Structure formats: structure tokens, C-alpha cells
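**Q** what would the 3D arrangement of this be:
(chains A and B)
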Amino acid sequence: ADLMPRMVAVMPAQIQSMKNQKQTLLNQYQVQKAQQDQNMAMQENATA
Amino acid sequence: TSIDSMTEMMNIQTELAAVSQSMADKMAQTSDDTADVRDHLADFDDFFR
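**A** Numbers count the residues shown, from 1 in each chain, chains lettered A, B, ... in the order given. Below, you will see the structure:
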């Protein structure tokens, strides 16, 4: 009964790491999507 | 940070394993004693059987 609370208190640290990773993934998606779409818009009809 | 948390979790799991082993051994000894008690009680009362 003394060991159990230690395992309980271990958990929250990992969830914060997962949340931060999700935020990083969303920001990365936005940045790379914008870059790719901008490049495709600029390079369109450049073979004229 | 996640690696640190997992390492702590593994240490706690090892401690739980040790606790479980100690509990199993002590319960085995207790069951042996209770079996002795039951054998004594069953062998008794033959005067009253």
C-alpha cells in the first residue's frame, strides 16, 4: 500500500510529454504545409 | 523525462515483485501451520467421535 502511490505519482510526467509532442506535431504540420503550398503556387506555370 | 519516469516505474515493479514473493512465502508457511492445526483438530475428538 506504500508502493502503489509511487506508481500513481509516476504517471503524470509521461502524459505531459505526449501532450507536448502532439503540440509539436501540429505546429510542424502547419509550417510544412504552408511551405509546400507556397512553393507549389510559385512554381506553377513556370515552364512558360 | 519520459525515460526517467519509465526507469522509476521499472524500479517500483521490481519492488512489487519482491513484495509479492515475500507474501507468497509467508502465506505458504501460514498454510502449513493451518494444515497442522486442522490435522490436530481432525485427529482429536475421537474420544467424542
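**Q** please name every helix or strand in contact with the strand or helix carrying residue A:40.
**A** Under the criterion of DSSP states H and E, residue A:40 resides in helix A:3-43. Packing contacts for helix A:3-43, counted by 3 or more Cβ pairs under 8 Å, 6 or more residues apart in numbering or on different chains; DSSP states H and E, involve helix B:2-43. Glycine gets a C-beta too; all of them are placed from N, C-alpha and C.
**Q** what packs against the helix it packs on?
**A** Partner elements for helix B:2-43 (3+ Cβ pairs under 8 Å, 6+ apart): helix A:3-43.
**Q** mind checking how far the helix it packs on is from the chain centre?
**A** Taking Cα atoms, centre = their mean, to the nearest Å, one finds helix A:3-43 lying 2 Å from the centre of the chain it belongs to.
**Q** just the angle for that helix relative to helix B:2-43, thanks.
**A** Orientation note: helix A:3-43 sits at an angle of 150 degrees relative to helix B:2-43 (axes from the mean of the first three to the mean of the last three Cα atoms, to 10 degrees).
**Q** sec struct for residue B:45, please.
**A** The three-state label given to residue B:45 by DSSP: H, G, I helix; E, B strand; the rest coil is coil.
**Q** what's the local residue count around it?
**A** 8 (other Cβ atoms under 10 Å in any protein chain shown).
**Q** what's the spacing between it and residue B:34?
**A** Distance of residue B:45 to residue B:34, given as Cβ to Cβ, to the nearest Å: 18 Å.
**Q** also residue A:25?
**A** From residue A:25 to residue B:34 the distance is 59 Å (Cβ to Cβ).
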